[PDB]
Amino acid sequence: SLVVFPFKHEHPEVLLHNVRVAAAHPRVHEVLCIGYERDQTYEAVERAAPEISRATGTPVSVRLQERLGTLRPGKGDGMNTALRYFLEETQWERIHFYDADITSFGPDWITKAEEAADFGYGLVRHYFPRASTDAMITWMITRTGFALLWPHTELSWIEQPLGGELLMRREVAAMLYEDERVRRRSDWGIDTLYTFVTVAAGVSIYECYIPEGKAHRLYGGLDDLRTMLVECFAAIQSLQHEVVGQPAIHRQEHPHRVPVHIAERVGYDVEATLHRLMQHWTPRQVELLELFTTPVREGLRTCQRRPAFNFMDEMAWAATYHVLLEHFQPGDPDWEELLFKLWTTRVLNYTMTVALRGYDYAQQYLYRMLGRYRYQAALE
């Protein structure tokens, strides 16, 4: 198999460790690191490369991402450049992706995936336990969107649609490299694209569970995620009129109980997030609210004077979602900030009226949210 780690600003030690793990694995026949730019990490890898290759019998290659798409040049270009290398410069039967910044990586990751592929699945997705205030894009944007737009489909049932850890059969990779909507998505929307398209094409999917969780880079306040938020919402938006094919087999490994350290983690700085809600206002944003339902309009307007979020419950979010699908303009600075504030109030609502009632309570809620969304959408 080919194992790929795409990287941007990672520390060298962290990535080289993971490369060492993959290179040591009996089933891995090459590893490719795909860099955003040539930096300290890129060079570090390049010189450790031929030395790891002889100690293991596995070639390791570094390469720059190239401009294959047309949105922000970001992770998409990275993964697609990797697709091209896999498909055009090698004859390997399978391709693995794993985020570069993982600190809990081990060979069972690889093993579990390969075995599932042996079992016959076209695509294998690693999923993990996550803290109840993490994954807020995943739930509030990606899964919610898939549920509101494609209720009868397998799409909202994917556990981790933004997740970067996965394995594909060659033909699946080829199919994806050849799909214009996929190639286009050079920014953060790549994972959403791979998820959507593999499902839509009737690829057979297995989601295997990694109990240890994903130890990666940590994040402080909510606006760390702002670009990602817009790009991820954009991705859904652009798919909104697509149609989905007959589904294949979709099965998911049963999840273990959550590590205590994970159930006990807090995803963001509440104070700072409340502060941020009252910032970066413009008259244009205030006028743009006129597009929204009264409680959302009035809700968000209050945020100019003081933080408000009780209004942003599950129904209000769905209504807000429909307006955004219709009027949101990627590239528009005001729409971008409005989406951010708006998502922000949803997260806070969820944090105080759900996450605070406890981990299990939150998880049960989130799944029931999707359920209710799926059911509402299929009546209209």
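Note that residue numbering begins at 1 and tracks the sequence as displayed.
Mean CA B-factor, 177 to 185 versus 242 to 250: the higher value falls on 242 to 250. Stretches compared: 270 to 278, 85 to 93. Higher mean C-alpha B-factor in the entry: 85 to 93. Within the selection 31, 342, 323, 354, the deposited Cα B-factor values reach their highest point at 31. Within the group 317, 36, 350, 328, the record's highest C-alpha temperature factor is found at 36. In the PDB entry, residue 306 places in the middle third of its chain by CA B-factor. In the PDB entry, residue 109 places in the highest third of its chain by CA B-factor. Ranked against the other modelled residues of its chain, the C-alpha B-factor of residue 213 as given in the entry falls in the highest third. Residue 370: CA B factor in the lowest third of modelled residues in this chain (values from the PDB entry). When the CA B factors of the chain's modelled residues are split into thirds, the value for residue 145 lands in the lowest one.
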